[PDB]
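Heads up: the structure comes next, in structure tokens.
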Amino acid sequence: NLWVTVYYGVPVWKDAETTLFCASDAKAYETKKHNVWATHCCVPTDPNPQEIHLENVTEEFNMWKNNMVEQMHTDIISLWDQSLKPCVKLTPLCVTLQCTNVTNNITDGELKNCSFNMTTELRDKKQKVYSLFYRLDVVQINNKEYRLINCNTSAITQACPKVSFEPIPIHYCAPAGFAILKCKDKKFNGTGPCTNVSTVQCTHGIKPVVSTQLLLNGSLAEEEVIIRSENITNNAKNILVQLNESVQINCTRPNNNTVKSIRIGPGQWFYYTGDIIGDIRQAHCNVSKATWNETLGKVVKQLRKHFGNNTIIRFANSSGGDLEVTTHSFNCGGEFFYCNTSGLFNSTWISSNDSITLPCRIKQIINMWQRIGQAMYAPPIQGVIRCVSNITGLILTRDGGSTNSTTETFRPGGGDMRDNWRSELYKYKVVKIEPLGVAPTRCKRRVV
Amino acid sequence: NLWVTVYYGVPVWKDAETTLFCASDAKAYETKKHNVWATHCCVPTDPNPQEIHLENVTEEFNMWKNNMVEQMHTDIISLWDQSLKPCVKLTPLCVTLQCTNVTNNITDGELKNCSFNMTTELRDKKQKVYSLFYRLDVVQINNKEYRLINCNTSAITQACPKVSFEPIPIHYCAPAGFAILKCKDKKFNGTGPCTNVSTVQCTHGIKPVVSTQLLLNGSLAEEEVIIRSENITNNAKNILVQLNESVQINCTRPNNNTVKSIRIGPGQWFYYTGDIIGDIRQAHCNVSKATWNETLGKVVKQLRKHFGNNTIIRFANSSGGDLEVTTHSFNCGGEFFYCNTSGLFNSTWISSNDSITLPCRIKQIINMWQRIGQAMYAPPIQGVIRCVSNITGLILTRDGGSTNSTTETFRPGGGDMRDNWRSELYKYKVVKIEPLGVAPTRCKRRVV
Amino acid sequence: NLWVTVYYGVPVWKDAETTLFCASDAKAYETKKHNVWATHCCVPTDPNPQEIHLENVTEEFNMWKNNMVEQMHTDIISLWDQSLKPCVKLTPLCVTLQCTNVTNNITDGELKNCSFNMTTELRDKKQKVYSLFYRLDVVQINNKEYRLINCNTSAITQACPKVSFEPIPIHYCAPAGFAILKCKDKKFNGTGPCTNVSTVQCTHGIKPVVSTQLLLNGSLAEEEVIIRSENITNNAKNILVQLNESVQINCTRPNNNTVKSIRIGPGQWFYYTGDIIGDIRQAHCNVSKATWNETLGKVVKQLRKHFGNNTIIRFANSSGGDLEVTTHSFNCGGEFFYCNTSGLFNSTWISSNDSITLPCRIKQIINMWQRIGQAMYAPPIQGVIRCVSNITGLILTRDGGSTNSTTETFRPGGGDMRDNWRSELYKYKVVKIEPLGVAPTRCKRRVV
Amino acid sequence: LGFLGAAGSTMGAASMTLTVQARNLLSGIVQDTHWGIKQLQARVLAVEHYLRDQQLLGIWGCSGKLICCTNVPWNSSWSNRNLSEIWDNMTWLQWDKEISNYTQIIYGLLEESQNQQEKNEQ
Amino acid sequence: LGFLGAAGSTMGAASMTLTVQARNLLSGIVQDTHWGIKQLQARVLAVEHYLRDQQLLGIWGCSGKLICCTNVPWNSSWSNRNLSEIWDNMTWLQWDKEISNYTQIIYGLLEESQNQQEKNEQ
Amino acid sequence: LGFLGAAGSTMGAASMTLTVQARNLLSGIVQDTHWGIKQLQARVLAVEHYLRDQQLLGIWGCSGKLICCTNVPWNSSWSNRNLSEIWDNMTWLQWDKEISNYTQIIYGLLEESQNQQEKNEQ
Ligand SMILES: *[C@@H]1O[C@H](CO)[C@@H](O[C@@H]2O[C@H](CO)[C@@H](O[C@@H]3O[C@H](CO[C@H]4O[C@H](CO)[C@@H](O)[C@H](O)[C@@H]4O)[C@@H](O)[C@H](O[C@H]4O[C@H](CO)[C@@H](O)[C@H](O)[C@@H]4O)[C@@H]3O)[C@H](O)[C@H]2NC(C)=O)[C@H](O)[C@H]1NC(C)=O
Ligand SMILES: *[C@@H]1O[C@H](CO)[C@@H](O[C@@H]2O[C@H](CO)[C@@H](O[C@@H]3O[C@H](CO[C@H]4O[C@H](CO)[C@@H](O)[C@H](O)[C@@H]4O)[C@@H](O)[C@H](O[C@H]4O[C@H](CO)[C@@H](O)[C@H](O)[C@@H]4O)[C@@H]3O)[C@H](O)[C@H]2NC(C)=O)[C@H](O)[C@H]1NC(C)=O
Ligand SMILES: *[C@@H]1O[C@H](CO)[C@@H](O[C@@H]2O[C@H](CO)[C@@H](O[C@@H]3O[C@H](CO[C@H]4O[C@H](CO)[C@@H](O)[C@H](O)[C@@H]4O)[C@@H](O)[C@H](O[C@H]4O[C@H](CO)[C@@H](O)[C@H](O)[C@@H]4O)[C@@H]3O)[C@H](O)[C@H]2NC(C)=O)[C@H](O)[C@H]1NC(C)=O
Ligand SMILES: *[C@@H]1O[C@H](CO)[C@@H](O[C@@H]2O[C@H](CO)[C@@H](O)[C@H](O)[C@H]2NC(C)=O)[C@H](O)[C@H]1NC(C)=O
Ligand SMILES: *[C@@H]1O[C@H](CO)[C@@H](O[C@@H]2O[C@H](CO)[C@@H](O)[C@H](O)[C@H]2NC(C)=O)[C@H](O)[C@H]1NC(C)=O
Ligand SMILES: *[C@@H]1O[C@H](CO)[C@@H](O[C@@H]2O[C@H](CO)[C@@H](O)[C@H](O)[C@H]2NC(C)=O)[C@H](O)[C@H]1NC(C)=O
Ligand SMILES: *[C@@H]1O[C@H](CO)[C@@H](O)[C@H](O)[C@H]1NC(C)=O
Ligand SMILES: *[C@@H]1O[C@H](CO)[C@@H](O)[C@H](O)[C@H]1NC(C)=O
Ligand SMILES: *[C@@H]1O[C@H](CO)[C@@H](O)[C@H](O)[C@H]1NC(C)=O
Ligand SMILES: *[C@@H]1O[C@H](CO)[C@@H](O)[C@H](O)[C@H]1NC(C)=O
Ligand SMILES: *[C@@H]1O[C@H](CO)[C@@H](O)[C@H](O)[C@H]1NC(C)=O
């Protein structure tokens, strides 16, 4: 007595993977800021991004299988490489160097004073160039003989000095036929059902900040510190900790540099460090002590909800590996800092700022995203650099190998950039709209 | 008593911007002429381009806001750069040169006899190359020391000698969903209504001639000389003058050259000027005097319609700037001429040919479209070059700063290539077809 | 009394040209084999490629006008060039060489022992490199002076040593809207009607084997040897002979090489021949004599069906030209062999294996597809190479110039790679589906 | 009269050639290096426009017709012009300008009316 | 209620907004360097999905309707749920899951029924 | 019989599978480096062909049917073959060849007849 009735425009959906649009929200002018995040992502945002609450809709989310993470990862790497494509190559720098130690009021053999025969715009002429290098970029060959560290492995290019990499918020938007579901559950831990779901065509803006060990300038958790992981008991997985408060970090590169430049080919401008005005000081970052102490105490209180309130939680520094992994790596003013975070993790919890200072190292030859291949040369920045960042979260790992002593050890591990995007994208899922479907009705087609 | 009736296929349109197709009209064989204007633009034309007159249709045009100008500009630059992409680079020429003056029957230190150590196909061997250069391409470094002028700024590449840049007429065609409206009003001045409008799918063919100050080989006005500008009273705007007659210009490069070539790498053929057979003569262009005199007298008669018939109009030469702006620049037989047009503008109008000769300079290193960047090296052409061009128009500017003395001054200014395309494209506008619409009718849908 | 009735979804088609999809059939892992035929062609095949027999359908085929041949040709060349695009350039090898003869137990001045000043990762350092070359890759300049043969013509690049070019079967599949018709007539000679036709969405897999004169590893004819040509009587056309049996050929490069490598730039690894362990032996290929003799006897029996059974058929070797044409060229283990096939064609037919050995030459600098342009450098392979191939067919040409003596001469000519793809693709044709059409019916539309 | 031949005709007469324009919307059927990407984008865009208009005719119940009547009454606020001037003196170009601020109103009314009709048909 | 505003509504009520979703399938109408190729691919794909669904409605005889009845009877093996629960308590999201293994069955039946009807109409 | 299974069948019998071919025209739904641009072009082209044919069915008044009758009479100049041979002995492949010079004539007649019908329906 019932027949099939076909309905079109039915509000249902299925999990799907697709390509999202990149929108800038007009925070920068492509032609005035020359910001790589403004160019390419030139699509404007919706000035009135009306969100639609879905009443009585329950949906499941999984941040660890969320395809948006891969999409962000691929697009960032591509943007970066495209941005450096037209810049001056520095392969003429793979020459031997004659180097000595800096003749200044220095306390820590961090800086090398090197000279070399560099090319000029004419093939018949060479020029003597004198510059300072940080020791991490320069290695020995055998008034001593040195070469740049990248020369036995890959080509090195100069970042264009006119191009900014400063992140701006980026909004991702669904292509027509797709929609983005946002989970508003304040306690959402990255997986399972969420009963507070709304639909948007675009995500909020996320700044593509690269920061390895500590999550900087991200969003904050509301109400409580939230600890999320793929598997609580798997010591091979990272733990992403989102704070509900922020910690300010003051990072400085105090040496006042004079930046010099030469032509090394036909319009091929090369920038170098010149020399240092004043005395020599070590780069470093400052965190208020009380703030840091409370921050971890809160993290411990929450970790205990997974391991037991009768447990002991200790923090320790990096276990070992390359600086890109063991130190806190971030971009501050165009400069690349590698800070010694061991000063932050020397504490155990059991049942007038006095800021902690982390010494930092500086590198000019940068291998992005743990790739073996071309290196980027970061030109020096004229003057002195200072910035203040917000720690909004941490990446922790456990050693494992536990004998159930309850004395578990956590370290500032991880280092895989996908996790620093996952930490924001966890709120969103993308689905495909499936408008066609059927249901029984007490209706039959007129018979013909 | 009236209801909405929906009609589809309604013959209406709106102003729009889109991308046009490039059609060749088969004037050249891609594989026999190796003409850059034949390749890429390989779409054939309509052998029967039926035009449709629109009876009783009034439409407005604006040549100064016509998007087709930008489309032509972008496509020409791209074609040019793609065409040179696979050609031999001449960066090995940025070497010092030893130069003297030409040892010939020369009256005007125009030519430099230079020698240098050039590369060969093997890295272990160098060769001595002797060639002549025009002084405009060669500058001093400090038997005197010289370098090529581009070497402190940008890479230089050789135009492939096998590739022709000779313009052929190009037709632009609308993509489906769009149409081109052509204005036939004989007095159309570039803006406002036109009552004689027809629709075509393609424009007529326009030759993409590059000519700066004088408009060459374009179309002629009918009936009267037409003077068009964005703003008559704005001295910051150019005045485009379209003649209703033509002036023939005979341009010659009389020196008989022997062209030589060497390998400077693995199949990397380089061409150079060799030497000159016979005596040395200055490049120049000839215009009949009476013709030129009448040509400007007609222009003055028409300029007075905007400034007053009681005014005084004087012509003067270029105000200053680079040769690419101050001289008349054009491509004649592959060679690049920079002619001194001051000989054409030394006259004031108030209430047996005796041809005027304009001396010309020759350059081999060419910076197209006022860009700072890569330069094109124009290889020399074996023998002697002569061509005859049609002046079909002029670009004039006013000095302004007038005190209403009525003695207004006009100069052969401008130099922005977009204007030399605007001068032909002014007849066409592109619109989008909007086939769907409604109107009241005394008809109601059968009620169900 | 009849009216037009319109039918949609009508099973008819027309000859058409389109683009086909490349499917791998998962015979290799892109990431484990690094096979160029697995990457790019990553589309999976249909695990159940149901074929549809067309009952009572007669269709005409023409292998000589079959667009699939051109499609395969273009795609193979492109794949090859894309595959070599990221590899190390060897232009620093265009240096002079000092060479002597190999100091070993060699009987045939095939190998040259050369030394040269090669680049290093630093611009200030050079290194002495010693390597052996086959004489075909090295030419004289004037302890004797030599250069690589390609240096006066084009750039040379190194094939990436990690990349395999070993062919795997490739299936071509129609895009939606198109279908492929397969002819099953056992006697199909390449042209005219076929009454046994089925429709498939994909062709069977064809291995893209490059083999010039002899067709290797292809399919076999059933029942009889089939001789196909565009024109039997045109001596300017090739004759493709498909065997209904196979001949095994054992090809070896017996010299045991030690392969060495150096950096010649920043990660720019270069491979060279090092030296030879043991004595020196000539590369060669073995074919059983009886098998070869029967193979040609069968070919003759069939050739006589076109020329007369009272004729005399003789086989002769190549008429002349470059090794790429006159010898049998193939890829065996990554190595490039040029074998002297004259040993196979020294016989006339009229009304304990004792294998025939063909001496072979080896080349490292390879010009693919008779193009003038970049050469590929085939790195040497560590150890000793042996492979066994299946001759599945031959390319023969006639001398022509006949005086009707009946003593016709056939040679292993041709050499155009398109023919070695045509030899497999002849079974397939692609057509466009034309679903819309009309027919008379005794039906009129309800009148309104 | 050919494509847009009726552009200057009055609305009544112009309706006689509606098939002329309809057939020129998919004419693109006859018509890497960026030259290729630009042409491909143009083709995709033409398809999208065709479908957007066809979808609206679908939504309004006129998918199969060049001319269709609906159940939505005409508002004098859109136009109070004499019906005879609209069909005999006015052209479609003029008309589109005359009621240009109402297209989105009329379309919304058409969407609602058709949806109500289908609700009732079930 | 806006796009997908009815997603949590029961099936009966949800049908009141079918035009809301239909109009958001071709919204791409408002929306070389590989950034360009990716966007172009997305646009083409959206068109292909639209057409595939529209073709099925065509094949089943419902090309011009948001809601249409057919001649294919409902199987209790698909669902034996009370008709009133289906329209008043159940939502479309739940429903799709409930009968998800039958979509291809129902579609095959619709194709056959419509083809038979047309055969008989001739 | 499967796709084109009816290709050798006579016209009458062949009509029994019209849905088989119709569903294989948009099968592309299941199916920078120039490899990508070539595939994308193929997809766009398939869409354009689909729409061009669908538009004609629209124009002729047969948008929703696999089989439809019109008001245009059959010309003996196109074919004077016995109706029974046309449906029982002849195949569609043969038929297309038989009347191949008239497709554009028939289509023009269909366009005119449908436009006249709509004019009169208003
Ligand atoms: C977390 O977020 C904070 C901010 O919320 C980031 O810190 C900011 O970092 C940027 C870049 O390092 C700093 O901007 C720089 O400021 C320099 C000084 O500007 C002064 O004058 C302007 C005048 O209006 C004031 O607005 C400004 O506050 C200062 O008073 C500029 O000289 C720098 O310009 C450089 O880039 C431009 C780009 O085109 C070039 O043209 C210039 O020549 C030059 O190269 C730049 O503007 C900003 O001040 C910082 N904010 C604060 C509060 O310090 C953190 O870095 C971020 N954390 C992470 C990890 O990213
Ligand atoms: C305004 O328009 C005029 C023409 O209306 C242009 O002047 C023409 O310019 C072209 C190019 O500079 C000239 O063509 C050249 O002619 C040379 C001599 O050809 C003679 O023999 C042929 C045989 O059939 C005759 O047809 C011809 O009239 C002459 O008698 C050729 O040698 C040149 O060939 C070069 O290019 C080809 C391209 O592939 C190469 O293969 C050759 O090796 C060689 O490089 C060329 O054909 C043409 O003659 C000029 N016309 C006149 C009347 O002089 C103006 O230049 C144009 N104005 C502007 C500003 O562009
Ligand atoms: C006609 O078809 C025949 C086969 O039907 C082809 O001959 C084959 O050619 C391939 C390539 O030249 C040969 O494969 C090579 O074998 C070497 C030895 O492998 C031994 O051990 C494996 C272990 O499982 C056995 O399976 C195998 O049979 C042998 O016992 C390998 O070392 C070679 O590897 C190379 O390539 C890989 C690719 O990533 C690299 O990683 C390696 O480092 C190395 O470079 C390779 O596998 C194959 O054995 C041949 N078959 C026979 C029977 O000899 C003909 O060449 C073909 N004709 C033409 C003209 O193409
Ligand atoms: C790095 O080395 C350079 C080279 O010796 C030092 O520059 C020299 O400083 C002396 C000091 O009077 C001058 O007389 C020389 O002329 C300078 N050389 C040049 C090339 O200018 C430089 O000071 C050293 N820098 C540091 C920080 O040690
Ligand atoms: C440009 O300079 C070259 C180099 O000196 C001149 O060529 C020489 O001319 C003399 C004249 O007898 C010869 O003996 C030399 O052998 C020539 N040199 C070479 C390298 O061939 C050349 O004539 C000068 N050209 C001009 C125009 O001044
Ligand atoms: C190719 O030439 C090289 C260079 O002379 C030969 O290598 C030398 O062999 C002698 C033999 O005792 C050694 O003493 C030298 O030290 C070797 N030179 C180097 C650079 O190692 C090489 O043997 C020759 N190879 C052949 C096959 O003739
Ligand atoms: C700098 O001083 C340190 C002190 O131990 C020494 O090891 C190093 O070699 C010196 N480097 C140079 C370049 O003088
Ligand atoms: C340049 O090369 C010379 C070798 O001739 C060397 O002595 C000199 O130190 C080099 N210059 C520099 C600055 O290294
Ligand atoms: C050529 O002669 C002029 C004459 O003034 C002189 O200034 C110039 O330096 C000379 N140039 C060379 C290269 O001899
Ligand atoms: C090798 O020996 C042959 C023998 O004729 C001789 O011609 C050739 O020049 C020799 N080559 C070298 C490089 O010694
Ligand atoms: C390197 O160049 C020198 C010239 O200074 C030459 O004597 C030597 O033989 C070259 N080395 C080799 C291996 O050819």
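Letters A, B, ... mark the chains of the structure tokens in the order given; residue numbers begin at 1 per chain; ligand numbers begin at 1, in order shown.
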### Interface list for chain B, partner chain F, 10 Å threshold, only C-alpha atoms, as a ChimeraX atom specification
/B:5,441-445
### Task
Please provide the set of residues having any atom within 9 Å of residue A:316, restricted to only C-alpha atoms, with same-chain residues fewer than 4 positions apart removed, written as an NGL selection string.
:A and (342 or 344-348 or 409-412)
Could you work out which residues of chain B fall inside 6 Å of chain C? Count only C-alpha atoms, and format the result as a CSV table (one decimal) with N, CA and C atoms, in the first residue's frame.
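Listed below is the output, selection33.csv:
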chain,number,residue,atom,x,y,z
B,121,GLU,N,82.6,25.0,-26.7
B,121,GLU,CA,81.8,23.8,-26.2
B,121,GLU,C,82.6,23.0,-25.2
B,122,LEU,N,83.9,23.2,-25.0
B,122,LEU,CA,84.6,22.5,-23.9
B,122,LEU,C,85.0,23.4,-22.8
B,123,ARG,N,84.9,23.0,-21.6
B,123,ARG,CA,85.2,23.9,-20.5
B,123,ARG,C,86.6,24.3,-20.3
B,124,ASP,N,87.5,23.6,-21.0
B,124,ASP,CA,88.9,23.8,-21.0
B,124,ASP,C,89.4,24.8,-22.1
B,266,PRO,N,77.4,23.5,-25.7
B,266,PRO,CA,76.9,22.3,-26.4
B,266,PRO,C,75.6,22.5,-27.2
B,267,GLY,N,75.8,23.0,-28.4
B,267,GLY,CA,74.8,23.4,-29.4
B,267,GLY,C,74.3,24.8,-29.1
### Check: which chain F residues lie within 9 Å of chain E using only C-alpha atoms, as JSON, numbers by chain
{"F": [16, 17, 18, 19, 22, 23, 26, 27, 28, 29, 32, 33, 36, 37, 40, 43, 44, 47, 63, 64, 65, 66, 67, 68, 69]}
Next, the residues of the selection above should be written as a JSON list (two decimals), in the first residue's frame with N, CA, C and O atoms.
[["chain", "number", "residue", "atom", "x", "y", "z"],
["F", 16, "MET", "N", 14.85, -1.77, -26.51],
["F", 16, "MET", "CA", 14.59, -2.32, -25.19],
["F", 16, "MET", "C", 15.67, -2.00, -24.18],
["F", 16, "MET", "O", 15.46, -2.18, -22.98],
["F", 17, "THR", "N", 16.84, -1.59, -24.65],
["F", 17, "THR", "CA", 17.97, -1.30, -23.79],
["F", 17, "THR", "C", 18.40, 0.15, -23.86],
["F", 17, "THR", "O", 19.53, 0.48, -23.53],
["F", 18, "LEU", "N", 17.52, 1.08, -24.21],
["F", 18, "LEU", "CA", 18.02, 2.46, -24.32],
["F", 18, "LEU", "C", 18.66, 2.99, -23.02],
["F", 18, "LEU", "O", 19.64, 3.76, -23.08],
["F", 19, "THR", "N", 18.19, 2.55, -21.85],
["F", 19, "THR", "CA", 18.76, 3.03, -20.60],
["F", 19, "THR", "C", 20.19, 2.56, -20.40],
["F", 19, "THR", "O", 20.96, 3.16, -19.64],
["F", 22, "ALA", "N", 22.28, 5.18, -22.07],
["F", 22, "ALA", "CA", 22.17, 6.49, -21.46],
["F", 22, "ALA", "C", 23.01, 6.61, -20.19],
["F", 22, "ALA", "O", 23.70, 7.61, -19.97],
["F", 23, "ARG", "N", 23.06, 5.55, -19.42],
["F", 23, "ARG", "CA", 23.79, 5.56, -18.17],
["F", 23, "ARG", "C", 25.30, 5.51, -18.32],
["F", 23, "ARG", "O", 26.04, 5.74, -17.36],
["F", 26, "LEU", "N", 27.66, 9.40, -18.64],
["F", 26, "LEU", "CA", 28.19, 10.15, -17.52],
["F", 26, "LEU", "C", 29.00, 9.27, -16.58],
["F", 26, "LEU", "O", 29.23, 9.62, -15.43],
["F", 27, "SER", "N", 29.49, 8.15, -17.10],
["F", 27, "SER", "CA", 30.27, 7.15, -16.35],
["F", 27, "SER", "C", 31.61, 7.70, -15.88],
["F", 27, "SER", "O", 32.29, 7.11, -15.02],
["F", 28, "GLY", "N", 31.95, 8.87, -16.41],
["F", 28, "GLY", "CA", 33.16, 9.62, -16.12],
["F", 28, "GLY", "C", 33.15, 10.03, -14.66],
["F", 28, "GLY", "O", 34.17, 10.44, -14.11],
["F", 29, "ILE", "N", 31.98, 9.90, -14.02],
["F", 29, "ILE", "CA", 31.79, 10.18, -12.62],
["F", 29, "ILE", "C", 32.61, 9.20, -11.77],
["F", 29, "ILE", "O", 33.01, 9.53, -10.66],
["F", 32, "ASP", "N", 50.31, 22.53, -14.50],
["F", 32, "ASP", "CA", 50.65, 21.33, -13.77],
["F", 32, "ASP", "C", 51.04, 20.26, -14.77],
["F", 32, "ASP", "O", 51.02, 20.49, -15.99],
["F", 33, "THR", "N", 51.38, 19.09, -14.28],
["F", 33, "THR", "CA", 51.78, 18.01, -15.14],
["F", 33, "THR", "C", 50.67, 17.87, -16.17],
["F", 33, "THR", "O", 49.49, 17.73, -15.83],
["F", 36, "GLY", "N", 47.60, 15.63, -16.13],
["F", 36, "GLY", "CA", 46.41, 16.07, -15.45],
["F", 36, "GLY", "C", 45.57, 16.93, -16.34],
["F", 36, "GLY", "O", 44.34, 16.80, -16.35],
["F", 37, "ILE", "N", 46.21, 17.77, -17.16],
["F", 37, "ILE", "CA", 45.36, 18.64, -17.96],
["F", 37, "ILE", "C", 44.66, 17.82, -19.01],
["F", 37, "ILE", "O", 43.50, 18.09, -19.31],
["F", 40, "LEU", "N", 41.65, 16.21, -17.48],
["F", 40, "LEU", "CA", 40.61, 17.15, -17.16],
["F", 40, "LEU", "C", 39.89, 17.57, -18.43],
["F", 40, "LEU", "O", 38.67, 17.71, -18.42],
["F", 43, "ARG", "N", 37.27, 15.08, -19.39],
["F", 43, "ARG", "CA", 36.08, 15.11, -18.57],
["F", 43, "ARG", "C", 35.17, 16.25, -18.96],
["F", 43, "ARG", "O", 33.95, 16.08, -19.08],
["F", 44, "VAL", "N", 35.76, 17.41, -19.25],
["F", 44, "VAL", "CA", 34.95, 18.54, -19.64],
["F", 44, "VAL", "C", 34.27, 18.27, -20.95],
["F", 44, "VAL", "O", 33.10, 18.60, -21.11],
["F", 47, "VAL", "N", 31.22, 16.14, -20.67],
["F", 47, "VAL", "CA", 30.08, 16.89, -20.17],
["F", 47, "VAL", "C", 29.47, 17.72, -21.25],
["F", 47, "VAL", "O", 28.24, 17.78, -21.36],
["F", 63, "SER", "N", 12.67, 16.24, -23.40],
["F", 63, "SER", "CA", 13.70, 16.27, -22.37],
["F", 63, "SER", "C", 13.63, 15.18, -21.33],
["F", 63, "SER", "O", 14.66, 14.75, -20.80],
["F", 64, "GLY", "N", 12.43, 14.72, -21.04],
["F", 64, "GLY", "CA", 12.24, 13.72, -20.03],
["F", 64, "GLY", "C", 12.00, 12.32, -20.55],
["F", 64, "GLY", "O", 11.56, 11.47, -19.78],
["F", 65, "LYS", "N", 12.19, 12.08, -21.83],
["F", 65, "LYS", "CA", 11.85, 10.75, -22.35],
["F", 65, "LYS", "C", 12.96, 10.09, -23.13],
["F", 65, "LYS", "O", 13.75, 10.74, -23.80],
["F", 66, "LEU", "N", 13.00, 8.76, -23.11],
["F", 66, "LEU", "CA", 13.95, 8.06, -23.95],
["F", 66, "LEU", "C", 13.35, 7.94, -25.33],
["F", 66, "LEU", "O", 14.05, 7.93, -26.34],
["F", 67, "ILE", "N", 12.02, 7.81, -25.36],
["F", 67, "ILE", "CA", 11.30, 7.70, -26.61],
["F", 67, "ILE", "C", 10.19, 8.72, -26.66],
["F", 67, "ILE", "O", 9.32, 8.74, -25.78],
["F", 68, "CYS", "N", 10.14, 9.53, -27.71],
["F", 68, "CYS", "CA", 9.03, 10.47, -27.80],
["F", 68, "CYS", "C", 8.56, 10.67, -29.23],
["F", 68, "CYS", "O", 9.36, 10.76, -30.17],
["F", 69, "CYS", "N", 7.26, 10.83, -29.38],
["F", 69, "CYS", "CA", 6.72, 11.08, -30.70],
["F", 69, "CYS", "C", 6.57, 12.58, -30.85],
["F", 69, "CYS", "O", 6.32, 13.26, -29.85]]
#### Entry: strand (DSSP E or B) positions in chain D, given as a PyMOL selection string
chain D and resi 10+67-73+91
Serialized selection, N, CA, C and O atoms, as a short mmCIF file (atom, residue, chain, number, x, y, z; two decimals), in the first residue's frame:
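What ended up in part_16.cif:
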data_model
loop_
_atom_site.label_atom_id
_atom_site.label_comp_id
_atom_site.auth_asym_id
_atom_site.auth_seq_id
_atom_site.Cartn_x
_atom_site.Cartn_y
_atom_site.Cartn_z
N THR D 10 10.61 44.38 -30.66
CA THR D 10 9.81 44.50 -29.48
C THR D 10 9.69 43.13 -28.87
O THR D 10 9.95 42.12 -29.53
N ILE D 67 8.79 29.03 -23.12
CA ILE D 67 7.83 29.95 -22.55
C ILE D 67 6.92 29.23 -21.59
O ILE D 67 6.26 28.26 -21.97
N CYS D 68 6.79 29.72 -20.37
CA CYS D 68 5.86 29.07 -19.46
C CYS D 68 5.16 30.06 -18.55
O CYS D 68 5.75 31.02 -18.04
N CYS D 69 3.90 29.78 -18.28
CA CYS D 69 3.15 30.63 -17.38
C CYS D 69 3.24 30.02 -16.00
O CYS D 69 3.31 28.79 -15.88
N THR D 70 3.19 30.87 -14.97
CA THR D 70 3.14 30.44 -13.57
C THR D 70 1.93 30.98 -12.83
O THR D 70 1.06 31.60 -13.43
N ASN D 71 1.88 30.70 -11.54
CA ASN D 71 0.77 31.12 -10.68
C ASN D 71 1.06 32.39 -9.86
O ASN D 71 0.26 32.76 -9.00
N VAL D 72 2.18 33.02 -10.11
CA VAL D 72 2.57 34.23 -9.40
C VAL D 72 2.01 35.44 -10.14
O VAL D 72 2.31 35.57 -11.33
N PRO D 73 1.20 36.30 -9.50
CA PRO D 73 0.58 37.48 -10.07
C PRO D 73 1.62 38.54 -10.29
O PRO D 73 2.60 38.61 -9.55
N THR D 91 11.18 46.86 -26.06
CA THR D 91 12.10 45.80 -26.42
C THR D 91 12.56 45.10 -25.16
O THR D 91 12.41 45.62 -24.05
#
